[PDB]
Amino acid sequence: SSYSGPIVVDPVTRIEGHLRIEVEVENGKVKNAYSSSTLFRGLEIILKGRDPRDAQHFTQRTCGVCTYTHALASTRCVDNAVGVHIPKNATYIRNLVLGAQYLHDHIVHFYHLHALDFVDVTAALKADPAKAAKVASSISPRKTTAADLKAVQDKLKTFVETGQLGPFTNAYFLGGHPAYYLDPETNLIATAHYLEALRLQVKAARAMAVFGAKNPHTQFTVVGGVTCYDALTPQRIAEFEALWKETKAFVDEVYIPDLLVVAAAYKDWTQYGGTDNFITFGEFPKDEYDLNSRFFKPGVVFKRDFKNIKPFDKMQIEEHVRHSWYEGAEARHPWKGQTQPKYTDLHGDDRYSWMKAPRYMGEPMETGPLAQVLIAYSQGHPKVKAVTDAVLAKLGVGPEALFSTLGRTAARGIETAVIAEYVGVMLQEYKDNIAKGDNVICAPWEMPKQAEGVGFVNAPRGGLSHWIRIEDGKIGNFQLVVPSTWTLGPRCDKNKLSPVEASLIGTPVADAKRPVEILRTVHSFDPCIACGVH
């Protein structure tokens, strides 16, 4: 019973945006893969000729999952082009909203996007809630009782008995599936926490609105700093702090224990989904013009050589189009970027995606939590080292296990835990600065007629860069190079498979009609196709 032939997954659900995955499988294992992004909007085309101050409002609509991140990148980019050094408090406030974005985003990813690849929600109905409560209480300082879990089981039983399965309709686990391994009790714990996370994420997102106006799509950044004078008040800081503390408690007592329990049950997933090269830009600066002042530092690693981390040279980025639906075949550095759509249909002239293919010194680079965590570890980051070692010790695996779909999923939790604690450190520094009498949040600036600028964000999915050429005081060129473009773009003009495509080779597929193993690896990268294509 092992399949040879093609599999297509279109739509890939439980991602942001519109992705088609194609694989060739030989004897039950994937032998070849294509990452095809099937929506184009053309925001770079739309920006031409406009006021550079308007860019962040357009580019934030690249994506509402990773909301704020593109407003921050465009504002850093135009700040950089005009040469303004924003006030200390603007850096603190921008950093605090970004930290809150990471917690919201990664909690929703693990429960609401990834977990249905590994949790059979309907098997939770078979569970013994008393046993389940014992297990939940053994993995977390939070005590869970049988009645807590029975309430969830009773709600789910009414739901399933209605015959209206809603978002669970035709799930790959219905009826049982050989690649779903959890016992009923663990499925009930995860299901309970899925539901809990639906309400907790409201609070995690509200934390961004306390300073940033609203979520989704914040509205508090300007060239030169931020606008939110109310963010200086003790009442708004207390409101943020209480939402942060409750979100952190959920990360530490709910998400990370669940991640570890699921990881332990799926330890064979240390064998699939590895990649070779990693790039990260660093995040949470003390100095807006020095990436090495960031809490996480930038770095480049090739062929898993973490003993030789290379500096990040922004001039070594080129975006390929040979296998993409754009004119021609010439790769471009983004300050010389081109966005010239030309559709040839699937595999026409060997083109199969609306994403460009970014390459660093000609290589395909994974970015995102696994790159941020592994490079920061390798740089001696003491918080990352402490959490990552504890995770490895708890799972009983060595460091090599991180180079996998399981490891990538674990790294997303590691980064969430480390950022959740660092948000408290930033908050205290911000409080201390206000107490010194610094109440400034925006600095004045002047628009140059000609300039180049770049802004760097390490977003929840990895290294984000926005690149502007100002001509006559207007946008002459504006190029976004986004984390999912790195990770999920197609092949380049050297025919190198992208990180997601290479990571799929070797994936076993138990049931070609229900190819959850492909989803596990694809979802571990947390794809965002609106991001990748814009």
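Position 1 is the first residue in the sequence shown; the rest follow in order.
Trainee: So 50-58 or 498-506, which one's hotter by mean CA B-factor in the entry?
Mentor: Looking at the recorded C-alpha B-factors, 498-506 comes out higher on average.
Trainee: Could you settle it for me: does 441-449 or 355-363 have the higher average Cα B factor in the PDB entry?
Mentor: That would be 441-449.
Trainee: Name the one of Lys29, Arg491, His466, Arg41 with the greatest CA B-factor according to the PDB entry.
Mentor: In the PDB entry, the greatest C-alpha B-factor among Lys29, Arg491, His466, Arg41 is found at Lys29.
Trainee: Going by the CA temperature factor in the entry, name the top one among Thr270, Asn215, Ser324, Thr339.
Mentor: Answer, based on the entry's C-alpha B-factors: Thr270.
Trainee: Compared with the other modelled residues in the chain, in which third is the CA B-factor of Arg76?
Mentor: It falls in the bottom third of the chain.
Trainee: Lowest, middle or highest third: where is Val25 by C-alpha B factor in its chain?
Mentor: Within its chain, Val25 is a highest-third residue by C-alpha B-factor, going by the deposited values.
Trainee: Considering every modelled residue of the chain and its Cα B-factor in the PDB entry, is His381 in the lowest, middle or highest third?
Mentor: According to the entry, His381 has a C-alpha B-factor in the chain's highest third.
Trainee: Relative to the other modelled residues in the chain, which third contains the C-alpha temperature factor of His106: lowest, middle or highest?
Mentor: Lowest third.
Trainee: Going by the entry, which third of its chain does the Cα temperature factor of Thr247 land in?
Mentor: Its C-alpha B-factor belongs to the middle third of this chain's values.
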